[PDB]
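Residue numbers (the entry's author numbering): 1 to 689.
Positions of the beta carbon are idealized from the N, C-alpha and C atoms, including for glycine.
Working notes, beginning with the structure itself.
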Ligand SMILES: [Fe+3]
Ligand SMILES: [Fe+3]
């Protein structure tokens, strides 16, 4: 096959020649015979994957955030692993390993020389120039960074910058002539083994390299002495204090095979095979991560244990982290332009419908709330992650596919209520909705008892009343997981399309988008999947008490949700009984909490304080709600908020995903999801490491 060989990209001759010390020992041992490719600059290979002639490549992350913009398009396939055995650390650090004697501290890296591994590399630019950034007093509205990081350092050696426009910034560089301060190890001072070396002699001062690079060049312990570091708090510690002198935690280096078509699992297959065979501490007249004396870290960083496998939904922007997605962004983002996005929020509006209502409020705020518009909501809770959306209002199930993803509860869409009418709506706590299974009184041969083989209807796919409680109740008696079987043919807007689950949807009006977790899916939502039984598509349509109530008896608009008589529909109860849409009080499969908004616990605290504002202008008591604009109203379709909800209650405390849902109910999602594995839950509990 024109694909049964991995073309690795080599940037040297000795990394290209380790690659041949490697091409021999492999297919002999048995595996996709490795092709080794000739190249140079860091991108002449991030590009040669993007052009299809060089099929793999191992990078630092400050550079993998780069090989993953939209010009090229490469996802990292294998995270590189660090440390020693009882402790293999899959991420890394970024300190400033200085010589016992230079008395400056980090707040004093002003004017002195320097020593970066590289330009673009995390530990030595994505990490440390925003750590210092404040006195750079670099102007963007005039000059650039690599420009006012020249005014700061009287003399430094960051490789890859232009030797022509940044002289001061290619001065303490020891490379061969045209190879001087160039984007490769051709600059003897390029890397933790070029920037460390940048100081061990005295030429270059602070050396911004990881935590253990001193270690590698300086074997002797009576040698790790002459280097009091520099910490965040303006101090100094030994090369073994790497830990408290960190500046931040960054994922390690990764490997970059194209977004789609770079043969991602041949690339890894060579590595089923590398980590073991020539693993660290096994077969050696060729280690996998090592170049001979006088060359450092060719192919894979010297001394590193190896590679990891990254779960395809996690690519470029995604692996570097959010704590570090604050490094790579910060700088290319002006100083007045970084607050433009901190006194701002972004409403992940799922669709072209949930998106247009946003854009009436993107400016009805005066532009304080903008959009992050995906078309799933498993795509969108992911976007809450990537420094791309503050939050959004998810409904239970989704607070659990965004509860293993790190999202912890802010405000709750406490709708309007009567009990405890007493308080204030914010200060009035969650008196939720009672999940239900309504049918037509026409359906006399149906009571929960008789449900197997009849048709179904389920709001969206994971959620409460339209799934969790239903498919998580149709499993507690039953025994068997496979939810699609209990019911004849159903409409499940969000799951396997060609199944008996979407085997009953409608999509838009043209017929398209049959079965979709975005409202265009006609039979999607509490009101969409209430149409499901309300247009005889199904025998049942799992709902919220209030959906049989607010789309009949003269309440919608709607030519469907109008002529209906609510008292035409019975509420399938739990003891093989049946009560009107009325008696949904003793009857409901189960009571549940309203839908709260979800953003990362660093983005929590502000989306509280903006929404604790817009639920109060265009809030139901909004000065600007029935007249200027009502942030909750939306013609019986419900775009973003419960057409029902009154306010956005205060939840109090800091209730994790778990403690928000109810606990009993939480032990229900986990045990249910033991049956269908979502990919957003795959690479979300991979982001903690
Ligand atoms: Fe690095
Ligand atoms: Fe819900």
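Problem - Proximity below 7 Å, CB of residue 569 to CB of residue 454 - result: no
Exercise for the section: Could you give the DSSP three-state label for residue 113: helix, strand or coil? Expected result: strand
Handout entry: Cβ pair residue 156, residue 210 closer than 7 Å
Key = no
Handout entry: Residues bridged to residue 81 [DSSP beta-bridge criterion]
Key = 306
Problem - Continuous alpha helix (DSSP H) stretch holding residue 673: start and end - result: First-last for residue 673: undefined, no H or E at that position.
Handout entry: Pair within 7 Å by beta-carbon distance, residue 57 and residue 19
Key = no
Problem - Nearest candidate by alpha-carbon position, reference residue 637, set 436, 558, 183 - result: 558
Problem - Through-space distance from residue 644 to residue 430, alpha-carbon basis - result: 14 Å
Exercise for the section: Please name the residue or residues paired with residue 355 in a DSSP beta bridge. Expected result: Paired residues: none, contrary to the question.
Handout entry: C-beta atoms of residue 247 and residue 88 nearer than 7 Å
Key = no
Practice task
Could you tell me the boundaries of the beta strand (DSSP E) in which residue 161 lies?
Solution key: Here residue 161 belongs to no beta strand (DSSP E), and DSSP marks it neither H nor E.
Handout entry: Outcome for residue 521 when other beta-carbon atoms lying within 10 angstroms are tallied against a minimum of 16
Key = buried
Practice task
Let me know the secondary structure DSSP gives residue 393 once reduced to three states.
Solution key: strand
Handout entry: Among 593, 639, 475, the one whose alpha carbon lies nearest that of residue 663
Key = 593
Practice task
Just tell me which of 513, 227, 316 has its CA closest to the CA of residue 687.
Solution key: 316
Exercise for the section: For residue 546, verify whether its CB is less than 6 Å away from any heavy atom of ligand 1. Expected result: no
Practice task
Only counting runs of 4 or more residues, tell me where the alpha helix (DSSP H) segments fall wholly within the stretch 525–583, in order along the chain.
Solution key: 545–549
Handout entry: Between the CA atoms of residue 294 and residue 397 - distance to the nearest angstrom
Key = 56 Å
Practice task
Can you give me the Cβ contacts of residue 47 inside the same chain, cut-off strictly under 7 Å, excluding the 5 residues immediately before and after it?
Solution key: 72
Problem - Sub-7 Å separation of residue 691 and residue 230 beta-carbons - result: What the structure shows of the chain is the stretch from 1 to 689, and residue 691 is not part of that stretch, so it cannot be assessed.
Practice task
State the DSSP-derived secondary structure class of residue 186, mapped to helix, strand or coil.
Solution key: coil
Practice task
State yes or no: is the C-beta of residue 595 nearer than 6 Å to some heavy atom of ligand 2?
Solution key: yes
Handout entry: Proximity test, residue 123 beta-carbon vs ligand 1 heavy atom, cut-off 6 Å
Key = yes
Handout entry: Buried versus exposed call for residue 410 [16 or more other C-beta atoms within 10 Å across all chains shown]
Key = buried
Exercise for the section: Over the uninterrupted beta strand (DSSP E) stretch that includes residue 154, give me the two end residues. Expected result: 153–155
Exercise for the section: Rounded to whole angstroms, what's the CA-CA distance from residue 318 to residue 272? Just pull it up for me. Expected result: 24 Å
Exercise for the section: Closer than 6 Å by C-beta to residue 486: which residues in its own chain qualify, once you throw out the five before and the five after it? Chain order, please. Expected result: 452, 474
Exercise for the section: To the nearest angstrom, report how far apart residue 427 and residue 652 are at their CA atoms. Expected result: 9 Å
Handout entry: Where residue 361 falls: helix, strand or coil (DSSP)
Key = coil
Practice task
Go ahead and label residue 146 buried or exposed: buried means 16 or more other beta carbons lie within 10 angstroms of its beta carbon, across all protein chains shown.
Solution key: buried
Handout entry: Straight-line gap, residue 74 to residue 631 (C-alpha atoms, nearest Å)
Key = 40 Å
Exercise for the section: Report the rounded CA-to-CA distance for residue 240 versus residue 417, giving the unit in angstroms. Expected result: 60 Å
Exercise for the section: Could you tell me which of 519, 502, 513 sits nearest to residue 537, measuring between CA atoms? Expected result: 502
Practice task
Compare the C-alpha of residue 655 against each of 635, 676, 604, 671 and name the closest.
Solution key: 604
Handout entry: Residue from 307, 633, 447 whose Cα sits closest to the Cα of residue 730
Key = In the structure as shown, the chain starts at 1 and stops at 689, and residue 730 therefore has no counterpart that could be examined.
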